[PDB]
Amino acid sequence: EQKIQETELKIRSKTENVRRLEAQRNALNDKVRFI
Amino acid sequence: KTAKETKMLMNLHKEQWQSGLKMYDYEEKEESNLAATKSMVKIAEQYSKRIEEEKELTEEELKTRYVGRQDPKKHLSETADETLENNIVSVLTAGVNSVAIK
Amino acid sequence: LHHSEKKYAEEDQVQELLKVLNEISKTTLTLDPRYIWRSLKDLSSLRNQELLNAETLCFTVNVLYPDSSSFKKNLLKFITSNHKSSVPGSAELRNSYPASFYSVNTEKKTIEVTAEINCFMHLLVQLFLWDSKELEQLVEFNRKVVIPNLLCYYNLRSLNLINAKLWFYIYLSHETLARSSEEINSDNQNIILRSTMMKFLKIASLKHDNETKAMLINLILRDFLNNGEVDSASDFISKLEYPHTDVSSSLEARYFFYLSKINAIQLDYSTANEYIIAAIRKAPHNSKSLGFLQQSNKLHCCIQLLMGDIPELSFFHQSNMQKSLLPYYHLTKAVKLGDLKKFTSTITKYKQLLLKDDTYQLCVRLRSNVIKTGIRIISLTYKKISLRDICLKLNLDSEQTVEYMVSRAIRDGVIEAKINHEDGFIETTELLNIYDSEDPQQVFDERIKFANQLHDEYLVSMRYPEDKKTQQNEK
Amino acid sequence: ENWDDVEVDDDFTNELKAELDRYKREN
Amino acid sequence: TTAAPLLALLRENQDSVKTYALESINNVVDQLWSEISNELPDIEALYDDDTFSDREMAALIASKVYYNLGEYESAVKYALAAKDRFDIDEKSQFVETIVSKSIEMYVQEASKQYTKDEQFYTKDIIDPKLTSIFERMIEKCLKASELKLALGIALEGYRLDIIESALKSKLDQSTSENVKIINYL
Amino acid sequence: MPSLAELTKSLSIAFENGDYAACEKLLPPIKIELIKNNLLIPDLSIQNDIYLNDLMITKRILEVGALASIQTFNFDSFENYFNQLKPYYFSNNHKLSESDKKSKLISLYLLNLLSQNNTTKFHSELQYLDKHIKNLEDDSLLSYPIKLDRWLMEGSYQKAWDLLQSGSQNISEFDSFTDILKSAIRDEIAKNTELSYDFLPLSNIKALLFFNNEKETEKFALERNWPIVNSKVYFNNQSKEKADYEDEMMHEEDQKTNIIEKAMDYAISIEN
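Residues numbered from 1 in each chain as written, not as in the entry; some residues may be left out. Chains lettered and ligands numbered in written order. Part of a larger assembly, values for the part shown. Heavy atoms only, no water.

The record names cryo-EM as the way this model was obtained, at a resolution of 7.5 Å.

Structure below.
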């Protein structure tokens, strides 16, 4: 069952990259409300 | 709009019209125009310092004293293109292709 | 008297146990108990002295003991046990509660509570051993237990952080036994110790635990330096399995300290000079890190002298540790002036002090750099100097001898000069004026990536803690 | 901070400095 | 016992001594893999030799070296070269990773070889090195009474023989076991 | 060359009588009985065998076997002895019978490390005996590799290089690596005038490298592959070429422009 658990590591690894998306989204919403 | 109307307007008016020479667009403007643009680049680098000195020298406390907030980001985006344009012409400098080799 | 002393410490032990018990049950909170376990080591050490040793006796009676009944009696056997209400079953705090490990469902074996209880039991045992300094039979007896138990259990994300601190006690208690007394049983015991580290390191490779792999590598690299095997240390560091993300700064500084000693014997001092600097920046400045700062600062001076560069004298002056840095100060002056008899008498008196940290064996290589530095001093002051003028300064043997010391110099591009035999003088080949060349531009391009290296480790780390703000309710 | 404080020189004190006065008349 | 000098002496005579030399290597395969790394080409070169009969014990040596070096692909080939010493029933992290690595490479070639033939799982079209562990792992899961890893991997490996053959032996017709087993399919 | 019925006794008898080529033919049958009883390496458990049986003799068996292989220049066999001698002088605590016994054995492995001009594995290998300054520098026995290190205490390398001529230990056993060190040292001495210094003299090189005859200067240039002209020696090899293929390394031509373009594009991709 370690093969499936190793695939789960990608979810927690890419989760940190998803948090970078939340940085540009709030900066984008400030530009939408500005225009 | 039709297919002919779509490609014609993009080649005439979109943002600013540089067309009519496609290879000479950034080749003539970023190289042969240095006399009217980047001439005396040593002084041009001093202009990038005066913009940073206008901001960084004011508020170093990250609060309201001299009445500034985004001062570190004011010269950040303005001098980012200056370094970018200097990096573009740097690639186009070797892109002249003087045919040297040996 | 003694009854109120046992129940007071056990209540605080369960109070700290229930905090990490509920966090591992729901989803994965495992990042949170890691912070609590940092203070658990300090709070338990101070608590072990007060209320005597009886806090660990009633804790085993409270929960279920898979292996732990005979281990407490064996631990209490060496100390000449004093029996007060020592019959098992004297203290019962369970009283049939869900958070108290309800007894009826536990004794009927319909549920398994042993996973978190047994792994936590071995942690408190190793803490009292290092506090009481118990050695000999108690060291080997516990090694035969924990290791087979970890292979039988399947460690989850939170379970791998339990034994991660237990491997440090296995290697620490084994080295203190060998230094106290040398015996044939200690050498054979170290053979099993080396084969055991590599078996569990493969297990942590699939789990990708940051703290576990950080603790193992630091213990494995130290074992290579004691035996002095180059092939084992070079092949181990080529895999680069050490995560740099969530590991503590104390575990990082220990990692860069090993790379300085490994690359020191490889005759490449360019990379080893950076590893000793990074080990100081990552290591805290507090008093508990002074033991690491004392040894790391002594290695920095040995790396510089082997490069031909002379370290600053303010390092031996403005610091507060210069009392132990006195042997290295006389080595600094001897290399500069290039005196032949000064270095010999310097390493003779301090030969005993420098033997403890094994930095005296590197002083043999420092003798070669004594003249090599003196050659650089006289070469920069005199562009064109006669061959006989150098022997009159350093009081060398003969002009035939000094000619071949400059030979070893410019092979690697140190002095960068030439020897004209027909003209009869050595001329410096450096004309400076290197600002117009492309050689400075090579280093200039590296500084752009150095400033850009601080981006991906920073901008991504902003929202990282921020996920708890939007999920939790605010006023 | 390098080759500065404690090492000093241990020359250029008196004998070497006082000799240079006699060289002026010897020329 | 050290594998580095013993593999360098393979160019001498008296091959009977080489048999006892390879026996002492099996103890150090899990200890020092660094010194044997340079002598690795001597093991693979003798595998194709028809006069070299030690390939059974030689396959066990190279199986635990390349794996510890960080290469999971070679761990499958050198382990099943002998088709004898490999033990799937032993509980270790060495075999379980090779099993997961062999299945990972087996599911890739399963869909690629489907175009040429649909019988590839009953035939030799696939290199038997990838079908040896895949067949023995399912049979091991059947003896352990676990249908989660048996049916899940079978659907990924594109093999119909597992669903048809294993279902007959797992029959439980309390009348409520055969309903659920097919539901997961 | 077999002598008596015992295989272990025939190895020691044929060792002192010469014929080291045929003496190595009895090595395979000796290792058959030693591997079966695991007498070449101490076992992990306690077999109640330390100085008894042949386990003590195994130190003597591998000693005369390594001394025979060092004269025949066998790197593969000599490596097998040292790996088997690795647990020896380590286990059985600090004392067996004579302790280090003869000094003519261990000094051969450390002498071969200096023949390749490798200081990395030289000092680092003694951590098993864990004395650099005592079991080596302070040791009077097997001082041939020691004295070269002993001259480094006062910092005089010239006598250490001249030791090979004036040494008394280079006659018989150490003569194998004596001419190797003498050639390796004299090469590094003349490599300063190779890649940098241009035109070498003729009669002066005789006095620099300590030549008794003028013809020895030209004989040294033949092995070094140097051009010879009248009263001068030039160097035409300053420009290195060929050496298989090299791409994007050490000042290329067409790929050098790409390296500059790649370095400028890294800052653009990070900014974007």
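Asker: Got a minute to help me understand the overall build of chain F in this structure?
Answerer: Scanning chain F for helices and strands turns up 14 helices and 2 strands. A globule of 272 residues ought to have a C-alpha radius of gyration of about 19 Å, yet chain F, at 26 Å, is considerably larger. Residues counted as buried form 39% of the 272 residues belonging to chain F. The long-range fraction of contacts in chain F, counting pairs at least 24 apart against all pairs at least 6 apart in sequence, stands at 54%. Within chain F, the 43 negative side-chain charges are centred at a point lying 8 Å from the centre of the 29 positive side-chain charges. (Helix = DSSP H or I, 4+ residues; strand = E, 2+ residues; numbered from the N terminus. Rg over C-alpha atoms; globule rule 2.2 N^0.38 Å. Buried < 20%, exposed > 50% of the residue type's maximum accessible area, 1.4 Å probe, protein only. Contact = heavy atoms within 4.5 Å. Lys, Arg positive; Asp, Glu negative; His and termini not counted. Charge placed at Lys NZ, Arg CZ, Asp CG, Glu CD.)

Asker: What should I look at first to understand the packing of aromatic side chains in this one?
Answerer: Two measures describe an aromatic ring pair: the distance that separates the ring centres and the angle between the ring planes. Evaluated as defined, the whole model comprises 24 aromatic pairs over all chains. Ring geometry for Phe59 of chain C and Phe120 of chain C: centres 5.8 Å apart, planes at 65°, overall edge-to-face. Placement of the pair is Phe59 of chain C in helix 3 (residues 55–62) and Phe120 of chain C in helix 6 (residues 114–132), with a sequence separation of 61 residues. The exposure class of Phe120 of chain C is buried, given its relative accessible area of 11%. Residues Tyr114 of chain E and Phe120 of chain E carry aromatic rings whose centres are separated by 6.4 Å and whose planes lie at 85° to one another, so their mutual orientation is edge-to-face. Put simply, the rings of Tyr242, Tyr255 and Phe256 of chain C touch in pairs and so form one group of aromatic residues. Just above the ring of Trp130 of chain C sits the side chain of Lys41 of chain C; from NZ or CZ to the centre is 5.7 Å. Against the face of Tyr81 of chain F rests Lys31 of chain F, its NZ or CZ located 5.9 Å from the ring centre. (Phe/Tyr/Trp six-rings, centres within 6.5 Å; stacked < 30°, edge-to-face > 60°. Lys NZ or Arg CZ within 6 Å of the ring centre and 35° of its normal.)

Asker: Honestly, the environment of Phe15 of chain F in this entry has me stumped. Any pointers?
Answerer: Residue and element names in this part refer to chain F. Note that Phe15 resides in helix 1 (residues 7–16). Take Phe15: its relative accessible area is 14%, and that puts it in the buried class. Spatially, the C-alpha atom of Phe15 lies 6.8 Å from that of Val64, the residues being 49 residues apart in sequence. Setting aside anything within four residues of it in sequence, one finds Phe15 in contact with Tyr20, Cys23, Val64, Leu67 and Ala68.

Asker: Explanation requested: unusual backbone geometry in the structure shown.
Answerer: Among all residues save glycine, negative phi is the norm, and among peptide bonds the norm is trans. Residue and element names in this part refer to chain F. One non-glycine residue, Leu142, lies in positive phi territory at about 50°. Residue placement: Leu142 occurs in the loop between helix 7 (120–123) and helix 8 (144–154). Phi angles above zero are rare outside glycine, and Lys242 is one such case at about 60°. Checked against the element boundaries, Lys242 lands in the loop between strand 2 (232–233) and helix 14 (254–271).

Asker: Got a minute to help me understand the interface of chain F and chain C in this structure?
Answerer: Quoted interface sizes are often the accessible area lost when the parts come together. The partner chain C presents 48 residues to the 45 residues of chain F that form the contact. Of the roughly 3,900 Å² buried between chain F and chain C on both sides combined, carbon and sulfur atoms contribute 52%. Summed over the shared surface of chain F and chain C, the number is 1 salt bridge. The partner of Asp231 of chain C in a salt bridge is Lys121 of chain F, with the nearest N and O atoms 4.0 Å apart. At the level of elements, helix 7, helix 8, helix 11 (192–195), helix 12 (203–208) and helix 14 of chain F are the ones that each hand at least two residues to the side of chain F that touches chain C. Class assignment for the residues of the side of chain F that touches chain C results in 21 nonpolar, 15 polar and 9 charged. (Buried area = accessible area lost by both parts, 1.4 Å probe. Salt bridge = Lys/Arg side-chain N within 4 Å of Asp/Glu carboxyl O. Nonpolar A, V, L, I, M, F, W, Y, C, P; charged D, E, K, R; others polar.)

Asker: For this particular structure, what's the right way to read the UniProt feature "domain: PCI" in chain C?
Answerer: The UniProt record annotates "domain: PCI" at residues 253–433 of chain C. Across residues 253–433 of chain C one finds 57% helix and 6% strand; the C-alpha atoms that close the span lie 40 Å apart. (UniProt positions renumbered as here; feature names shortened; annotations may be inferred.)

Asker: Before we go on, may I ask you to explain the pattern of salt bridges in this structure?
Answerer: Once their charged atoms are close, side chains differing in charge can pair, the charge on each being opposite to the other. One pass over the structure, following the stated rule, counts 31 salt bridges over all chains. Salt-bridge contacts for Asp467 of chain C lead to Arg19 of chain A; the nearest nitrogen and oxygen are separated by 2.5 Å. Separated into two different chains, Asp467 of chain C in helix 22 (residues 460–471) and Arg19 of chain A in helix 1 (residues 2–34) make up a pair that spans both. Each of the two residues, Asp467 of chain C as well as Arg19 of chain A, counts as buried.

Asker: Would you mind showing me how to read a negative patch on the surface here?
Answerer: A contiguous patch of negative charge, built from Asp309 and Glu312 of chain C together with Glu1, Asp4 and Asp5 of chain D, is present on the exposed surface. For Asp5 of chain D, the location among the structural elements is in the segment before helix 1 (15–19). (Patch = residues over 30% accessible without salt bridge, like charges linked within 9 Å, V, L, I, M, F, W, Y side chains within 5 Å. Areas by Shrake-Rupley, 256 points an atom, 1.4 Å probe, with all protein chains shown as cover.)

Asker: For this particular structure, what's the right way to read a positive patch on the surface?
Answerer: Residues and elements named next belong to chain C. Taken together, the side chains of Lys133, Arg179, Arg222 and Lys261 define a basic patch exposed on the protein surface. With respect to the element layout, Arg179 can be found in helix 9 (residues 166–180). Residue classification places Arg179 among the exposed positions, given a relative accessible area of 60%.

Asker: Looking at this structure, how should I read the sheet that holds strand 3 (residues 425–428) of chain C?
Answerer: All names here are of chain C. In spatial order, the strands read 1-3-2; together these 3 strands make up an open sheet with antiparallel pairing. With one partner strand each, in any of the chains shown, strand 1 (384–386) and strand 2 (417–420) form the two edges of the open sheet. Averaged over all adjacent pairs, the angle separating strand axes in this sheet is 20°, with direction ignored. One ladder, built from 3 bridges, connects strand 1 with strand 3; its direction is antiparallel. Note that in strand 3 the partner of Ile385 across the bridge is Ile426. (Pairing = 2+ DSSP bridges. Axes fitted to C-alpha atoms, helices over the stretch in contact; angles between N-to-C directions.)

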